Structure formats: structure tokens, C-alpha cells
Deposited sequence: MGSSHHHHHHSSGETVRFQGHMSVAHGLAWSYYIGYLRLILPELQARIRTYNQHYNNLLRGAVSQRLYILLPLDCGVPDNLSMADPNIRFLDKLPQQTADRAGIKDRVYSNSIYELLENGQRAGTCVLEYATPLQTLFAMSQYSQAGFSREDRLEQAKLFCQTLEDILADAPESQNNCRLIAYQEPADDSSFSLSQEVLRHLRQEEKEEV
């Protein structure tokens, strides 16, 4: 099960390092500018493992606002043309290993196997975050399957 290794590397090599300092970085950015960024990192977990080049390409209601200094991005979520939210948002990039594996014929890794590992990656990550207090309170995982679909709506639901 490749998902156990992917979830442990994602946490130990990245989330464990950025989440304890994210609250101070968002507080600094909010103090700098008089509009306010929500205090957590929203992680997009598309269960299809499709990670685009730019997050803004997935929905025209997700506009790039700015980079959070000290590389994370802030986005404004739109609902009917109005600014419905502002947050630090990004994809769970280790999902790209599962997508690439599903296209590499020699791996013998089907789209059914890919969905099973994408789900296992999300479950293993939430098991890891359960034991890390400063990390579970500084991030929110947004797991989704596409059925017609609005990613900004999916994010907005979690924000509220």
C-alpha cells in the first residue's frame, strides 16, 4: 500500500514543519494589510488524484490573491461574483504519485487501485494528524470525489 509511505512523507517532510509557524505567518499578513485570511491551511484532496499546474485553473471562482510570506498561496473564493471567503489553499501534492502510477503501465496499478490508495492516504493522514495537536488545529483536509461540480463551493462549505 503506497499510501502509507506517501502520507508519512507528506506529514514528516512538510506539514510538521509549516503548520506550527502558519498561525504567526497569517497573523503577520493580517496585521500588514487592513479583509482577513482565515487561520488554517486548507488542503485539497481530490480522490481522482488530479493536480493541475495552477489551482486557479480548477474553478473561475478561486482567484489568486497573494503569496503568504516566509511558498503558500492565499485565494479569494467567490459566490455569485462576491468575495465569500479568503484562505490559504493548496493540493495534497503526494497524490501526483498515485496519478502517475495509474498512467505507468508496468506498475499494474488501475484507476480502482488508485481510488483505494487516495482514500487510504486521506485516512492515514487524519490518523497522523490526530496525534499531532498543533498540526490538526492548523490544517483542514478537504477530500472530494467529482460527480456539475464547484470546487469553490466545496471549500466554502468547510470554511463555514
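> Relative to the deposited sequence numbered from 1, which residue ranges are unmodelled?
Missing from the model are residues 1-22, 57-60, 97-109, 187-190, 204-210.
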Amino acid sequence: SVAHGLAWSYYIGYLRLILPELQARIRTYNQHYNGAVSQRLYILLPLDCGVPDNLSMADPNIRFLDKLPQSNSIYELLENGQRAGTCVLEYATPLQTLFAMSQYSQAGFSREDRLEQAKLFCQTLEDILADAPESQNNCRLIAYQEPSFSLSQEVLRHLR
From here on, numbers count along this sequence of modelled residues.
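> Should the higher mean CA B-factor in the entry be assigned to 93-101 or to 52-60?
Of 52-60 and 93-101, the stretch with the higher C-alpha B-factor average is 52-60.
> On average, which has the higher Cα B-factor in the deposited entry, 2-10 or 150-158?
For C-alpha atoms only, the mean B-factor is higher in 150-158.
> Per the entry's Cα B factor values, which of 37, 128, 122, 115 stands out as the maximum?
That would be 37, according to the entry.
> For the chain shown, is the CA B-factor of residue 47 in the lowest, middle or highest third of its modelled residues?
Lowest third, going by the recorded CA B-factors of the chain.
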